[PDB]
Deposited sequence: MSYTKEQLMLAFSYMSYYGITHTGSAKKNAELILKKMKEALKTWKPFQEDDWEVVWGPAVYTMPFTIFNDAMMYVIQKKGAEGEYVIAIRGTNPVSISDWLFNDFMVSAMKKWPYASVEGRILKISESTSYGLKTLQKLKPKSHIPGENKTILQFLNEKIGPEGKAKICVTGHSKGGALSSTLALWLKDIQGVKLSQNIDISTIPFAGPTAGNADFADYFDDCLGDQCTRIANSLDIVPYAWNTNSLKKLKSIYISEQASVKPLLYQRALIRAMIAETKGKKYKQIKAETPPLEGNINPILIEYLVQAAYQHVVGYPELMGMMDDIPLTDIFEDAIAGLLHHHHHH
């Protein structure tokens, strides 16, 4: 009844439990277990959190918050889901528009291509490194092991398995990027007998055209990039895409325009990523055609709705994913 994409949307959203909870992977873990037991999409199988949640959070800052966990389907031998979360996604203008770290880039360290220069933003580079070093704490499944150590120990150096890496928002950019890293080290530091796929939602561009083209050639069909046409997030940071942000919500049915402060940020983003050749992975993939919510006349509010509410809505999951329970007051008046 639920498609693979709908299932991964559920895991991507369950990642958000405790997004506004001001060090407690314990609180999140408890939440995940209850969900895997009550959420409709999780009732057709028996899932088990086998690694994480591993959380990255420091007091007095949230913009770089992150979380990753691994769910294993009971019974099914070698069937795992790696889900990734970044910061509270509703405040797009703050964590996305004000990202200084996309003006500088690092060459992809896990593969090279003749006559190509693969590069990722330092922004995603630091995001990936934090995920590669995360370790669940005491009493948390996967205690004291990095994701790589856990997989190698769980699957064995030559074991056969299936792994889908998913995530929403920053998690969309990170999951797809993490999946490629796992792909690139297979046969060296990871069993070559594992089938790696990824379904990243609403993610901005992790790197440049050459990086994105290499990614496409590597995952091909094993990557399903899901983006809402009216969600502004995926529109960064390809230059052409950025130039569509000012009038993304201007139709013949409604007209929601960005305040001047945001117009200045958009122009700054274009200016700072000019010449970087930022490009979406699976860039030709058709998006889910979104619909402007007429009640939300403020650009930032409309943007938060399309980014967070948009996906479960356009994918028929509204009655399946408990938004208010996950985001609480983060969804203030969006709904």
| query | Where are the holes in the model when you compare it to the deposited sequence? | reply | 1, 24 to 27, 341 to 346
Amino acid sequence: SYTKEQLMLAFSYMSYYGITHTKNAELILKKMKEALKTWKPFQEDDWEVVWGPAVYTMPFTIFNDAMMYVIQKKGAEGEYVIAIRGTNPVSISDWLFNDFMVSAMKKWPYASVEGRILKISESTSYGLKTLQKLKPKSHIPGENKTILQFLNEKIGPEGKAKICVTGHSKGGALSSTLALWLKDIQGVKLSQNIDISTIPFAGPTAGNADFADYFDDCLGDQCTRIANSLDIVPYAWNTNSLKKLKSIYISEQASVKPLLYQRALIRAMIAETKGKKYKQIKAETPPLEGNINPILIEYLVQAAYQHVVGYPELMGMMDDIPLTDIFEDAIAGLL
From here on, numbers count along this sequence of modelled residues.
| remark: Stretch with higher mean Cα temperature factor, 268 to 276 vs 39 to 47, is 39 to 47
| field | Between 169 to 177 and 109 to 117 (mean CA B-factor, as deposited), the higher | value | 109 to 117
| request: Report the option among 300, 67, 29, 308 whose CA atom has the maximum B-factor in the deposited record. | output: 29
| message | Take the CA temperature factors straight from the PDB entry and tell me which of 263, 139, 85, 133 peaks. | response | 139
| Among the chain's modelled residues, which third holds the C-alpha B-factor of residue 194? | highest
| request: Could you tell me which third, lowest, middle or highest, the C-alpha B-factor of residue 188 occupies within its chain? | output: highest
| remark: By the entry's values, the third containing the CA B factor of residue 53 is the middle
| residue 249: which third of its chain by C-alpha temperature factor? | middle
| field | B-factor third for the C-alpha atom of residue 14 within its chain | value | middle
